[PDB]
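Chain nomenclature is as follows: A, B, C and D, assigned in order of appearance, with residue numbering initiated at 1 for each chain independently.
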Amino acid sequence: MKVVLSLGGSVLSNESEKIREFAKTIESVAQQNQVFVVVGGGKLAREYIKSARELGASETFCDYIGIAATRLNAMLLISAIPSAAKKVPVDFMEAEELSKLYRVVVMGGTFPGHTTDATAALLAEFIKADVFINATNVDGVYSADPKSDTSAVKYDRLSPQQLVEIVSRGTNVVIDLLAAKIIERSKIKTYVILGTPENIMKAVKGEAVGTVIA
Amino acid sequence: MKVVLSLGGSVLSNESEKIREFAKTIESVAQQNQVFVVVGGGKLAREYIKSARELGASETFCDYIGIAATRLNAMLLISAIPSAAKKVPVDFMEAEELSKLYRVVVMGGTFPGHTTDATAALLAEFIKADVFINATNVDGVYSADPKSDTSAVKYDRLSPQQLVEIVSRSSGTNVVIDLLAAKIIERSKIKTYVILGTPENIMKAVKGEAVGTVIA
Amino acid sequence: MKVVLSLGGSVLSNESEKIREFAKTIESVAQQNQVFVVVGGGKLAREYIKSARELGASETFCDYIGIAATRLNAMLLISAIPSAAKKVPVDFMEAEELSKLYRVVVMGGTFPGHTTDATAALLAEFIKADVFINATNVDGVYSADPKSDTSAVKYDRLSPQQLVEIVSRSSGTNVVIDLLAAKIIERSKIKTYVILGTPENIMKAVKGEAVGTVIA
Amino acid sequence: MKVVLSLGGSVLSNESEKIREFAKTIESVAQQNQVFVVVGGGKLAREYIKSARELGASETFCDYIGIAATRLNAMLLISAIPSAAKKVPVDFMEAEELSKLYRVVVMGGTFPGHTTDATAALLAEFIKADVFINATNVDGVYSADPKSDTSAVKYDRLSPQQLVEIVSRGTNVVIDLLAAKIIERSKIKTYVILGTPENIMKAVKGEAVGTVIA
């Protein structure tokens, strides 16, 4: 009922119809429940940090650029969902404050550090979330020897401790180590899924999608 | 084992890391098998045709610019995969010729007409492909109309004839696959996939699993 | 000596080297003088507003996204110039406050309304600027209508009142400078330039020379 | 009367109205005379080579990508000019062949090597051009201590030999050394100018713009 959804980089980079698709799902879940959405920087952030590093930015300043970019993507998503707070919170208190007036709150990053997965895990904990749904571009958590290679299946369920070990332990991560550690501390039922309207809906409805962690 | 992969527009528009991610998958599949890749115009083509129309191009000339663009994207992808033919074929005979010396061939468009899905369907048929993997930005083929709800969903498998019917009635999330592509798939009787184009799904589709919409 | 520079949309959309080229010029001007820079939304804003409108945003909310975008471009530019305030000011008081600690201040938009030219004209007036340099993608202010021939040309100098008249009649290559910008320039009586935004021209305009259209 | 025009990188990167502006001028010059146009890679080439290097391309392959990109920009320009050969020549013979049927020929690069200025200088020589107009983003050739800095004026005229010395001897070049050497050999009246419809027209009409070299 208290959902933290995490939309990573790649997972909806500025395509009008796909964004409409995601928002519609989020709106649906919001009719029944209380949704927090953390968007990531996507192409936008990657691009700009790249360019900003190229121009000789401090890592801290890069960090700011990144957050900015997340906030922008977040704005874009908010356009699409009418029940969302039109304000992009800049911290969790703000995010929770807004949760008292709105069924959907949508934020980018906060602290200039580790990102999105970790950020949303922190948020889930902070607000005592019912379910942390981490919508990524892969289907779940995958074996030692992961990736898009041949020696690979996902784990349909996992313990926190298992997940920690698995990421303790290119290209994209996914789930961050600190995110996992945070999930272990928080004892919050997590999903790691292929981020599509259907799967998100399924995860909300407490079913077998991707990798359940509890 | 003979794979035709289709990477459409949107599906990797010039992001260094994402391209590295796609190449690495294609290279993996190429270690075991024989891969053809057909890239589309993406932002680049859309952008350039848009501008070219704005300046008063003939549709035929827009067509050329489009192919141009596809070929450029294709070159970009080839940088990333070391086992690819450094030539971008300009026709299927070339594409097949190159397939005899390389495990990966990557091409843009050919005939100035219907595109990418159809082009790659044609290529599959031409070379008698084992599997046509159509990596799009949606998850599979979708239901009646369609529009976003729970009772609207993808079809986990389909017959060619079914798929034809599905994209024979519209004129609309089913903006992918093309009608002529589907017709071509029906004629060719080649096992097709319609999937969300990610390295994982592509790998899964190669390994003959449940992804998106399987068509056979 | 107090320079307001205006970099509009198009004028440096995220190309690493071109940005390095602009920064280096701004840093040069900053060695001797006091520089304010107002960047615009470019592709980024156009793109995002386009998408945001498509999704059914209020115009006010589009406005915010636009400002957002400008601010992001501005951040990008700041990476490039080491003598700039690492904060992007969100209003002119901030912008002037920061001008007391830094030789270069770089800002996006402020009020959700008319943009960049007007914004920078306002800023010039606010801080009593010595020179407002409006670096656009055209060469100066242009003649009757206008349309491309030899007898249609730029005006090498102008009075404020003249400029007002020139952009008081249209409703169209004179899509730059804004009407309110011109009105503001007239009120402020601040020496303005309207130029093709290149490092050379900017440097020339700073050094008080014949570039584009001088307005005084 | 036989004009080689050189449009570099930056000088018209895909803006519909500015491209219309350039084409209109080129069309005008073509009413009276015989125009060759060499376009460069601009953002497009820079971007793609960047990405292609990033992905581990050979320098030769980069070279091809670059030419491709030039050819594309060239296509775009041709749309805008009706009296142009709809074919983008891939070599000078082709380029001259087409000159026999068309008043405007527009090409990208040819040999995978030094570029645009040099390419167009070569072309001018090859076809015995009347005037090589090199439309750049700076106003002319500038002093020892050039660039957008304070110790700088342009040279309103120059000898070939002078120009060679000057570039013998960031950021953008401009005029290439080999281009200058080629201009010296060819003894072809050259212009180095700020690439705008007006200046191009002026240069064609044999007037004082930028840096004349003869």
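Quick notes
Heads up, the rule we're going with is that a contact is a pair of C-beta atoms (placed from the backbone, for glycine too) under 8 Å apart; a residue touches a chain by one contact, two chains touch by 3 or more.
A straight line joining the Cα centres of chain B and chain C is 43 Å long.
Once the centre of each chain is set as its mean CA position, chain C and chain D turn out to be 29 Å apart. Chain geometry summary: the mean Cα position of chain A and that of chain C are 37 Å apart.
Multi-chain contact residues of chain B, defined as those touching 2 or more other chains: 16, 20. Because contacts link each chain to exactly two others and close back on themselves, their graph is best described as a ring.
Under the contact rule defined at the top, the touching pairs of chains are A-B, A-C, B-D, C-D. Every residue of chain A that touches chain C in the complex is listed here, in rising order: 14, 16, 19-20, 23, 47-48, 51-57, 61-62, 64-65, 68-69, 71-72, 75-76, 78-80, 86. Partner chain B is touched in their complex by these residues of chain A: 10, 15, 17-18, 20-21, 24-25, 28, 43, 46-47, 50, 137-139, 147-150, 170-172, 194, 196-198, 201.
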